[PDB]
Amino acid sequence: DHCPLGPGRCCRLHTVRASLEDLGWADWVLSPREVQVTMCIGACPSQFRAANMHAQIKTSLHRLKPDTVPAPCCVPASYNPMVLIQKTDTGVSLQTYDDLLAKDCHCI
């Protein structure tokens, strides 16, 4: 799957660095203080990583009715789990969270 533009300018995994205060987590989360958020970002042109036939249909109809039908969007096909330490009402916990970080990307 080759990107038209770029490559790397189409839907793919990016890392976005975010503080706890950026995330709105600083009251509850104690660590990590900086999160390396992996996320899916980039254009979804025709036949680029189409998740399924619905995506192809959206491509076709977006071209013909662009004020009505949006293009396919770059979204996570899967996630990577992540560990956080956070404050509880009565203590502190180290907890795994499964759908925080995107692992791979496709156009849907």
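Note that residue numbering follows the sequence shown and begins at 1.
Novice: 60 to 68 versus 78 to 86: which one carries the higher mean Cα B factor per the record?
Specialist: Per the deposited B-factors, the answer is 78 to 86.
Novice: Looking only at CA atoms, which has the higher mean B factor in the entry: 99 to 107 or 4 to 12?
Specialist: Per the PDB record, 4 to 12.
Novice: Lowest, middle or highest third: where is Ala26 by C-alpha B factor in its chain?
Specialist: CA B-factor rank for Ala26: highest third.
Novice: If you rank every modelled residue in this chain by C-alpha B factor, which third holds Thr38: lowest, middle or highest?
Specialist: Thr38: CA B-factor falls in the lowest third of its chain.
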